[PDB]
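Only one chain is included here, represented as structure tokens and corresponding to the form deposited in one PDB entry.
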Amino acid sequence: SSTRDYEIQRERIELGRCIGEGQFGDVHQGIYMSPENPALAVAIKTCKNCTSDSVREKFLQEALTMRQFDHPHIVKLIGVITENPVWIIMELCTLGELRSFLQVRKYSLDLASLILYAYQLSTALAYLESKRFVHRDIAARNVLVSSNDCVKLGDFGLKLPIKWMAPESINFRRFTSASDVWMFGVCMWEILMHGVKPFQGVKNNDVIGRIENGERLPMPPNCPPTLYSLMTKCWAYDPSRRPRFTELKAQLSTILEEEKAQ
């Protein structure tokens, strides 16, 4: 649990305004002053209850976990401050949360851009799958936008998500890479719906009955039939029948190229 080579001196951080929230408290914009960059914009996770040591241990665990990963489409850990008030310093995704990015840009994003985002996320997810990493805090799962052509996996924003969960997770709290694939199928649907949430107006308790009746989220307007088909494969009832992330990443590439050939 050593953070020594990524421990940041506090005076190198200028804490700015609140820009969002994580499981443990508010996320702030900031500036980090280092030899590498005189003024780097950062996101700073704070912790409302880290005066409690059990809470503090769980919070800094988020940093220890993030440290082990390095991927173009996963929000990077810059460093930590492990003295009170404890902070986790992360890269700042300047364009905010993908959901609201998509809602305001329904007509200014080409279909190729939407497919690229799905592809980029699949590369990150296949990377994690190869590392045997099952991300446990499913309620915290998010996607942030670092540029027009770059999205990243994150666990903060800028209850269980039943409407996004695989049937075996809902029924039996089984969580595997195959349940992650089901949830990513939903994420893809949301991207192609320009940020609309699944099962709007449906009670959480009614979700499993619809799945078990054979019902699935409908093809989004203007969505390529091949891409919708890919989503439906993520939603095989039997987890063993779903594609692996390696296959999703291969299929999304072929779809992306085809849209660019149109």
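Residues that one form lacks are left out of the comparison. Between two forms, the rigid core is the largest collection of C-alphas that superpose within 1.5 Å. Heads up: residue numbers just count along the shown sequence, starting at 1.
Heads up, the form deposited with a small molecule bound isn't pictured, but that's what we're talking about next.
Asker: When the contact criterion is heavy atoms within 4.5 Å, does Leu92 count as touching the small molecule in the bound PDB entry?
Answerer: Yes, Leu92 is a contact residue.
Asker: Any of the heavy atoms of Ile19 lying within 4.5 Å of the small molecule in the bound PDB entry?
Answerer: Judged by the heavy-atom cut-off of 4.5 Å, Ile19 is in contact with the small molecule in the bound PDB entry.
Asker: Decide whether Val104 counts as a contact residue for the small molecule in the bound PDB entry under a heavy atom distance cut-off of 4.5 Å.
Answerer: Contact with the small molecule, yes.
Asker: With a cut-off of 4.5 Å between heavy atoms, is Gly96 one of the residues that contacts the small molecule in the bound PDB entry?
Answerer: The answer is yes: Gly96 has a heavy atom within 4.5 Å of the small molecule.
Asker: Within 4.5 Å, heavy atoms only, one stretch in 233-241, 38-46, 216-224, 203-211 touches the small molecule in the bound PDB entry. Which?
Answerer: Going through the listed ranges, the match is 38-46.
Asker: Counting only heavy atoms and a 4.5 Å cut-off, does the small molecule in the bound PDB entry sit next to every one of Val27, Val75 and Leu144?
Answerer: Per the other structure, all of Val27, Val75 and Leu144 touch the small molecule.
Asker: Choose, among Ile81, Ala112, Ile138, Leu95, the residue with a C-alpha displacement of 2 Å or more between the shown form and the other one when the rigid core is used for superposition.
Answerer: Correct option: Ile138.
Asker: Fitting the rigid core first, would the Cα of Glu21 be found 2 Å or more away between the shown form and the other one?
Answerer: After core superposition, the C-alpha of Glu21 moves 2 Å or more between the shown form and the other one.
Asker: Where do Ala140 and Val143 end up in the bound PDB entry, Cα atoms closer or farther than shown, with a change of 3 Å or more?
Answerer: Here the pair is farther apart than in the bound PDB entry; there, closer.
Asker: A 3 angstroms or greater change in CA distance between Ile138 and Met193 is reported in the bound PDB entry. Closer or farther than in this form?
Answerer: Closer together, by at least 3 Å.
Asker: With the rigid core superposed, can you list, in sequence order, the 3+ residue stretches whose C-alpha atoms all shift 2 Å or more between the shown form and the other one?
Answerer: Three-plus residue runs displaced between the shown form and the other one: 21-25, 135-141.
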